[PDB]
Amino acid sequence: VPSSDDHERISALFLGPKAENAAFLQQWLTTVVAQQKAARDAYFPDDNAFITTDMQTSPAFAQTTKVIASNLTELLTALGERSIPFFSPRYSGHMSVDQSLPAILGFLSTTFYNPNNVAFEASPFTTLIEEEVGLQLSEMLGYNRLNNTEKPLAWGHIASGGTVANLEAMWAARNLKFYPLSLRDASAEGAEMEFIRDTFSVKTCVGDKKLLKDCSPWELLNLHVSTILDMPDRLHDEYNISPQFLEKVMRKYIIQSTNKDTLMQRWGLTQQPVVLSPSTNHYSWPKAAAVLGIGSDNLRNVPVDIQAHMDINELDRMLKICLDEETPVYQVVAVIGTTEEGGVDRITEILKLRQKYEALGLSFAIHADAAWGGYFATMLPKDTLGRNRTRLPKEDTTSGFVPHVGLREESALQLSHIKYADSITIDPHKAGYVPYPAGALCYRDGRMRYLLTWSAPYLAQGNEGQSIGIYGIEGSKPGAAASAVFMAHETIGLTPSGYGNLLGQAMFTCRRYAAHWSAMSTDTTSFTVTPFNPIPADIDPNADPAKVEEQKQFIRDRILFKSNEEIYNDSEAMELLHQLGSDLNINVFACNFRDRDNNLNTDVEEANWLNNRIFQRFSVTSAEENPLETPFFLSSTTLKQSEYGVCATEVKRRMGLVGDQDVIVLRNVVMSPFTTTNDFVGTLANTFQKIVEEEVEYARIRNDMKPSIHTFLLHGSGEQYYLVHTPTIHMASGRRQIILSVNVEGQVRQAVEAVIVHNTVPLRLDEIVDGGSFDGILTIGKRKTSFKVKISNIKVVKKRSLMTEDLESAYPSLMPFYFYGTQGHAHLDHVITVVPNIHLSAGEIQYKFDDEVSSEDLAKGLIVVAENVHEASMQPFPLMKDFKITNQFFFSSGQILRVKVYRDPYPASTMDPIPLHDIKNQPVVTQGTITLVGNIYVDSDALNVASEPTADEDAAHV
Amino acid sequence: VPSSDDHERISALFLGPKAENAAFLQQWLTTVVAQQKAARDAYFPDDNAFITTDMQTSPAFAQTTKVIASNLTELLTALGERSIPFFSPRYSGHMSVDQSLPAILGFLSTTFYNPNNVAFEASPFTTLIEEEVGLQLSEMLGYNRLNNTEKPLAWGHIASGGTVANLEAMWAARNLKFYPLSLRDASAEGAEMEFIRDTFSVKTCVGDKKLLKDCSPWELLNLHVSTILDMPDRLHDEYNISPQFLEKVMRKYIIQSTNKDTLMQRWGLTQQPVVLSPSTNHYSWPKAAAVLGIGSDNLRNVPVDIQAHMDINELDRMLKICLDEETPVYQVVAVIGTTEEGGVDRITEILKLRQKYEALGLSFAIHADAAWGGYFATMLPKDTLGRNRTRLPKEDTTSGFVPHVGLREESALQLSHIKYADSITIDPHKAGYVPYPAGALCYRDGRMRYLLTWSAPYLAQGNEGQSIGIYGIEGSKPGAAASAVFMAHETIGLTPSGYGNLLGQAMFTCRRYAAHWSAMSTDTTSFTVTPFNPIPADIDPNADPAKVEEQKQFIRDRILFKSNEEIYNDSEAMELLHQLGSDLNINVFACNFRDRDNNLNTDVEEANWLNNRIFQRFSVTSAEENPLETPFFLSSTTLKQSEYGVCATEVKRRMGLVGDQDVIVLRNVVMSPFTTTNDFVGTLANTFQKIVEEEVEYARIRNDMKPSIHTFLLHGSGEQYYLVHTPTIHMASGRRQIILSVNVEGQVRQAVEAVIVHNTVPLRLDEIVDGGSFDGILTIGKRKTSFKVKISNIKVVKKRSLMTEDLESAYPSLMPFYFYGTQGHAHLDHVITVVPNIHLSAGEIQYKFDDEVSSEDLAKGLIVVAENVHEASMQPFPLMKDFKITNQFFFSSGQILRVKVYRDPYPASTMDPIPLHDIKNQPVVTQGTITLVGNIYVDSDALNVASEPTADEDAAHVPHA
Ligand code: NA
Ligand code: NA
Ligand code: NA
Ligand code: NA
């Protein structure tokens, strides 16, 4: 019999999806006001009012209260109508959710006092609160908060966010690395601490005891963290040097004052120290490098493996490169809960690598970016043999059962080793359920924070409260943020039975979502859904597909659309459910589609089209949308090949795609403990499926190769005519570049405006072959009258594929054109080598070359490259609605192209790639100029998906 | 007849000193809850409850609600008993005050939605709010918010505070400075934009048109801000280059990627660019330089003038140095409302200097640090000829008149020119009455923000909301902060009649305070109070003192303790009041004291003692205090000589002090519009005066030179005895270093433990002269018994002054000792050359020198300097309760001192300085070693003010009702 007590216990923490808890909130707000009144009365009770009743009933006062009331109601109305409804379980996109009422109430209660934690005398109470919050976080993460033991004493503080926490960690690591060189300078002959240099020793990285003055620069750049952090205490213990003197003397030698590059230059050092970090690291990492004057070039990114974890062998190889080149390493970043997939780097392996490299003389700090993952350490098991008190029974079985579940074994292993990192970022305003702003940084050894200053630690005195706000980036800071986090910690509980219970219910919800992503699509649905984390039987890439399909059907029969109670009573179902989806509650998955004969799409850009449209249906990305009409919210990301390498390749492989392009995926962050109530998740799954099916129909129309109607520009005169197809990427059947010489049978003859031919009988472009013919219709620009015509005697000058698989990824430096026609009557058409691109054609041109070109070359079609048109530098071209063509446009009447002329090295008709990157190495036929005269066609929309309607607009037009 | 309307209008904006407006707040909170419910019901109305009634009445749910209620009441009770009561007008110390209810309500209303302004799709509404707030601030500050005009389009955003806003402004200035070098690299031969290099020109700093590729590195380092910001648009307009291509290509050349120092080395550049900023700038400036890898050494500090304004002539001299040495200047910081004094730098003169140096080829961005001063631009006059609608009358005269007053002319001039700075920092959570966290940064030309990125501006599209959170230091950020500022702006009003009214009332209150600081003390009070901003008749340092006293008496007769109505009806009184105190609401002042014969103290450290104790009485600096017992709150600061130079000198001069030491001053930030009601300001003045008189009594006791009882260590044996006075700085009468040879008449003979003599009849140390005598009592260590003795045949071996004026400011590198006695029986006593210090004496020692020293030299007393005791490195010595003496202590039995020996170049007795800094250049008598044997005395508390009780502890020991 399943108990509802654990879900009921956390249901009281939130206002609720339907504001079910509003009466409790009203009571708590009334208490806040009463207490405020009591406290302001208690401060000098004999003071009379400054705001009298006669003042309060005057017209100006009343006018101000009416303005406040009106502005307030207008803000509340607009917030409800225009914000994302994170409070609803329909939202499961980013790291957003209904926040905990204890946090909101802590912040509100404290803002009436508006304490400023930059200084004790402005925050005598909330400075102590914030210090206690830092130590709560530290202990929860496994650091030591006890004084006078053998372990280092941790310290923690609140910052505006994990971005500033990561910046501070990198700043401390920057200053740490150079401290021993600064101290060596400060103790050089002639300097203020020369008197220590003949006796002051350190342990070098490999453990040898040497005088600081006898260490090589490399040795000084590789002292262990503890070796460096111990130096001020050691100087005091061993020479009775005061912290005041030490700080004063060191001011002129530390990089806070001189910057690291002046110090390096004096020391003859040329290798910039680096930070090592996974290729997919949060933006705050390269940004901190740029801010700190390290430079993002010196944030060296470590490739990831197929599950997006930092590749340990690659980290090994890059640490070896640093050792061999004497490039110091400030810091290695372990991402504990990646932003995009919720994965956990193997910090156990990073720690092993540190031991390995310290034996070779290379040392570095380790930082755990646990901005997202940190709070999941509350799910680590804790010794229960310490509790012996009566426990109120858990015997409720009211409707409203939601179980918690536990961490995956690997996640628990890494979470229990983050306590060995030298510092840890963790965001209460991510998985702590505290509203923004509330980030946090904890140091394993709190003395590290003094590196962020020009100061040395003093002995604290009881008669002077210590300011906790001078050890970071910021200045003024809200003590209210500390009260908020503190209220969350004390009310929810930093234990398995508190936060562990809440996050375990979110994790059960996450796995229930993942079951749907993992089994929704079949062999015959129009769509496929592929989870980023394969189901157990699917992990092996050579698995028996029968076993994979069997496990998917097991999911359909035993998990999907069942109640929590039925599932929890099914041991096998729970064991399987335990293994589905993200390590830490961030499911990634992606859709593909099949045509109507059930053939899977393999084009990465068409899968991207589909997945981006699904995202658009399930998100708000413009002010035009009514967000209350979105029934379900996801996020989305692009796995760039260059950052996700083998991982992005494997995602594409399992989706059934072929190609090197970056792949778009969907992201489903799960923080809600409510979604599985009454199997609401199933409803969401069904909603998702319905929308996917709609978008797949569009995809199928987009990619249908049935015969259809095509458009062609006409070039030439009665002497000889050419047709130039107007390609498009909006239809798979239009993704061809085609130029033909033809005869035109009909009554057309007019010697400004485009002449356009459509085929009247539907046809496939690929069926146009030498000798063919077809009937058509002419349309002189906007003229209402039309002309019937017969296209005969077709000769294919060019027929190339504009399919993804046949295009290039890099634009040409100089713009290439097909150059075709007859002597004295040539024509131009921009070669489409990449999309997005721009169609450029010129029917009437004047060419002059240093060598006359033969009729054979002109008929076969040459390639001319414009030395004065730098195509790549202009890409992508603005959409037609966003730029005006004038005579200054580079492709307009009167413009002159200076060109080199080449023979086309590929056959007339080809469905294979035609790379032209090195066309400049082909034999040059001749060179000269081309002046554009007329019959010019310019279209930057047809070859660019950005001109298409969004899924929001299409859905609104139904 | 004065109107109460303007004060009534702003009284409704705050919960109130006594929470008078709690019923209004209760109503508004009820509305917040009601609307949250209506909103969550409106999103998919057919969704049923997830939290049912049966869940809400279950025992686990009820237990969680009881825990919430219990934690909430505990937090509220503790906040009320343990926080500073900023809500009361009794508080007037730092930039803290009761915050506006519209702001608190905007933040609360929005946190239920918890929007994240890092990305539009997480904040489709509050991103727009934050952009609108940025443009509101920009327009208020005088920037342009209109599109499609000739003026640049400003942009602003909210940051966690002014520290991060200053950091972003300096980061933007750093990347701006190097952009043209990066673009030159990106268009070099072989590079991706080589094709522009033969046609792409810029205007150099002096205005000549040159190809970018033909500029010298110095010329590229001095292009104007607008020249640089125009480059992406120009490349697009002139070569049709796309922003995508430009961004991608430039990533490898910009210092975001390479850092400035690798770029500089590739260009052969050796002068670090600098930031120029006043010597008194907020800590956020040197910290930003340190963060950004510029280094605080390259934040060059500009000295201030006697009113703490950046000295414009000194800035001129420093810019000339930069020009001559080809040191680029990132940025010049004009502080508009200094943190310590509320002063306004003359940015008009800085703009003139910019014109001067641009004509010479030196250019720099200008940043206005208006973190505090910015909101005072709402008090600038505005054209009212645009308003023609009916105005509800201002005819209320109920009790509660508080007038607003206007800016000083100089403040208005500078505030109206900050719109010419390239960027402006301003804090809603300082003078905006918005709770923390809410700082802000505005760019005159919003395109500058793209320097904080690897991006180039794209053309916006309607179907995609633009994220406003990728242009700064931070990541996730609360849309709630933007709602808070937005509500405060809409409700209070960014106009002279809105914020201008509120701040004008605070400024009237500030001047009412300043009147007390300016006239409270007389010729015969035991204390003096000296304002940092002199009264008009006192500005001239050679003014007729009759005129100064006449104006102080005018203030006493016409302003102090009068009602607002009487003062406002007194034109002459208002004209004078207008000129008192700070420029922008931060009064600085400091106290001094007189002895009981009415002689003014001139000792800077005794004035500091007094002002620090007064501060303690009016502040909470420890967790032991009950903050609700403090009746008035001030802040305090130290004007360091090295930073405030002539300004600190002039403060000390006008207090009557003589000396080069740093001076402590008191600081009175005024943000309350309520303090003048019922002349509550007067009550506070009297409270202040009472406490000052209390502390002056302590100062008088501390500095009374009347005869008293003194302590002496006894050195030597029956052969010859010496007395070594145990000096103290806790009493002026103990501030002498004294060594005497004496005869001891009595029944004393004890051969580990200290032998101590006090005089039994009070005496003055300065009257001890050769031949004198006095009765005394011996005390063998821990012995309960005492011994009558007669000290006779006194010979003064050393008598030196330990008064502030006769001590040195820098500690000796090597420790000096007096070395005296007879051959084979010498003694040591650490020379006290600076305080704080440590008393070190050794009665029994063993010396060995390379030359035997004569009995005359030993009797007169030599100076031995210990090569192996580095005195400066150990100072200040920990207090006695904080360290335990062991045999490892450098001054303990068995320690060997390796010393040089010198003759004392000063007379036995002297009340003048005895500098020993360069003792090493005196002729060396001999050298050798001294081994400490016994009779050792060590005391680190007697010569250190840190061992004294605080003013809070003394006051706690005085009984009261
Ligand atoms: Na949408
Ligand atoms: Na192909
Ligand atoms: Na106090
Ligand atoms: Na003297």
Side-chain angles (χ1 to χ4, degrees), chain A residues 5 8-9 11-12 16-20 22 26 29 33 35 37 39-40 43 49-51 54-55 58 60-61 64-65 76 80 82-83 85 99 111 113-114 124-125 160-161 163 240-241 245 256-259 261 290 293 295-297 396 398 400 435-437 475-476 478 622 674 677 873-874, chain B residues 5 8-9 11-12 16-20 22 26 29 33 35 37 39-40 43 49-51 54-55 58 60-61 64-65 76 80 82-83 85 99 111 113-114 125 160-161 163 240-241 245 256-259 261 290 293 295 297 396 398 400 435-437 463 475-476 478 620 622 674 677 873-874:
Chain A
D5 292 82
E8 294 164 323
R9 181 173 315 105
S11 294
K18 286 300 180 174
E20 301 94 315
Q26 177 79 25
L29 289 175
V33 169
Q35 297 247 42
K37 185 181 193 316
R40 302 198 175 186
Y43 179 61
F50 290 75
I51 305 170
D54 289 329
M55 291 169 63
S58 70
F61 188 104
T64 297
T65 63
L76 288 159
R82 311 214 56 60
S83 311
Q99 298 302 294
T111 58
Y113 297 86
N114 202 40
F125 178 65
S160 65
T163 295
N240 207 37
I241 288 166
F245 176 88
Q256 288 282 87
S257 301
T258 68
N259 85 40
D261 293 282
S296 62
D297 286 355
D396 193 285
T398 75
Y436 313 110
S476 289
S622 77
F674 299 111
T677 300
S873 76
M874 300 178 194
Chain B
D5 290 78
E8 295 166 321
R9 180 172 312 106
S11 293
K18 287 300 184 176
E20 300 93 312
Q26 177 79 24
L29 293 178
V33 166
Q35 299 234 35
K37 186 178 195 316
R40 303 201 174 186
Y43 179 64
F50 291 75
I51 307 167
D54 285 327
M55 291 167 62
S58 67
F61 188 107
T64 298
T65 64
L76 287 159
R82 309 213 55 58
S83 311
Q99 296 300 295
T111 60
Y113 298 86
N114 201 39
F125 177 66
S160 66
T163 293
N240 208 41
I241 287 165
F245 177 86
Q256 288 283 89
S257 303
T258 69
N259 89 40
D261 291 283
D297 286 353
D396 194 286
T398 76
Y436 313 111
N463 59 6
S476 287
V620 172
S622 79
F674 299 116
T677 300
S873 74
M874 301 181 194

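First the proteins, then the strands, lettered A, B, ... as listed; each starts at 1. All values below were derived from every heavy atom in this structure, side-chain atoms included, with hydrogens, water molecules and symmetry-related copies excluded.
- No other option in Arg82(B), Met55(B), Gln35(B), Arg40(B) has as many heavy-atom pairs under 4.5 Å with chain A as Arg40(B).
- Summarising the geometry of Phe50(A) relative to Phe674(B), their closest heavy-atom pair is CD2-O, 3.3 Å, with the distance given to 0.1 Å.
- In this structure, the side-chain hydrogen bond (donor to acceptor under 3.5 Å, both in side chains) partners of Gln256(B), at least two apart in sequence or on a different chain, are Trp171(B), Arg174(B), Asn175(B).
- When each of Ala22(B), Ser257(B), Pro437(B) is scored by its heavy-atom pairs under 4.5 Å with chain A, the top score falls to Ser257(B).
- The greatest number of non-hydrogen atom pairs below 4.5 Å with chain A, out of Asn240(B), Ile51(B), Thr65(B), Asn259(B), is found for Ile51(B).
- Applying the salt bridge (charged side-chain N to carboxylate O under 4.0 Å, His left out) criterion to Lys18(A), with sequence neighbours excluded, gives no partner residue.
- Among the candidates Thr163(A), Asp54(A), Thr398(A), the residue making the largest number of heavy-atom pairs closer than 4.5 Å to chain B is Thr163(A).
- Contact tally against chain A (heavy-atom pairs below 4.5 Å) for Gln99(B), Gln26(B), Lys37(B): the top residue is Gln26(B).
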| message | Run the side-chain contact (heavy atoms from CB on, under 4.5 Å) test on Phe61(B) and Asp5(A) for me, step by step, so that the C-alpha distance in whole Å, both residues' side-chain angles and the decisive distance to 0.1 Å come before the verdict. | response | CA-CA 8 Å; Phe61(B) 188 107; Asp5(A) 292 82; over 6 Å; no
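- Listed options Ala49(A), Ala39(A), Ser83(A) were ranked by heavy-atom pairs under 4.5 angstrom with chain B; first place goes to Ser83(A).
- Per-residue counts of heavy-atom pairs under 4.5 Å with chain B were compared for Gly400(A), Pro124(A), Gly161(A); the largest is that of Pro124(A).
- With chain A as the partner, the residue from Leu29(B), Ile241(B), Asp297(B), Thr258(B) showing the most heavy-atom pairs under 4.5 Å is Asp297(B).
- In this structure, the side chain of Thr64(A) engages the main chain of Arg9(B) through a donor-acceptor pair within 3.5 Å.
- Residue with the most contacts toward chain B among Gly80(A), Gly475(A), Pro478(A): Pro478(A) (heavy-atom pairs, distance under 4.5 Å).
- Contacts of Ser296(A) with chain B are made by both backbone and side-chain atoms, with heavy-atom separations under 4.5 Å.
- Both the backbone and the side chain of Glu20(B) come within contact range of chain A, with heavy atoms under 4.5 Å apart.
- Not one N or O on the side chain of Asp396(B) forms a donor-acceptor pair closer than 3.5 Å with the backbone of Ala60(A).
- Of the two parts of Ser11(A), the backbone and the side chain both hold a non-hydrogen atom closer than 4.5 Å to a non-hydrogen atom of chain B.
- Residue with the most contacts toward chain B among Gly293(A), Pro17(A), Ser873(A): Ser873(A) (heavy-atom pairs, distance under 4.5 Å).
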| request: Determine, step by step, whether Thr111(B) and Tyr436(A) satisfy the side-chain contact (heavy atoms from CB on, under 4.5 Å) criterion, reporting the C-alpha distance in whole Å, the side-chain angles of both residues, the deciding distance to 0.1 Å, and the verdict. | output: CA-CA 8 Å; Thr111(B) 60; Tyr436(A) 313 110; over 6 Å; no
